[PDB]
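Chains as they are written, first to last, in UniProt numbering: chain A, 166 to 220; chain B, 166 to 220.
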């Protein structure tokens with residue numbers, strides 16, 4: 166059975182004004198581990214992986 | 166015994182004039198295999214050698 170009431174539904178978060186800002190610190194939420202747009206080519210990454218393996 | 170004569174001594178090569186040039190093609194005489202003034206440091210070369218070994 167699906168229920169209705171304050172103790173079931175979520176309070177809907179109001180859309181921010183064009184002047185209002187969400188106030189969310191992105192470093193507290195994530196930390197990047199691989200950028201997808203690199204100066205490197207597939208070959209070079211592949212090559213590096215071989216090297217990382219050899220070491 | 167040490168000998169004297171045309172068949173023993175070398176013909177002495179005359180000193181070149183300030184205008185004269187020796188005319189010697191250096192590529193026919195040598196080909197370089199390691200420059201001693203590199204943008205690299207001992208550490209990096211050492212490191213590369215380890216890598217060359219691992220591969």
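Heads up, the beta-carbon is just placed ideally off N, CA and C, and yes, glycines get one too.
Check: Residue 184 of chain B versus residue 176 of chain B - alpha carbon distance; Outcome: 22 Å
Check: Where the alpha helix (DSSP H) through residue 220 of chain A begins and ends; Outcome: Where residue 220 of chain A is concerned, there is no enclosing alpha helix (DSSP H), given that its DSSP letter is neither H nor E.
Check: Reduced DSSP category for residue 214 of chain A - H, G, I as helix; E, B as strand; rest coil; Outcome: helix
Check: Where residue 192 of chain A meets chain B, residues with beta-carbon distance less than 7 Å; Outcome: Those within 7 Å of residue 192 of chain A in chain B number zero; the least Cβ separation is about 33 Å.
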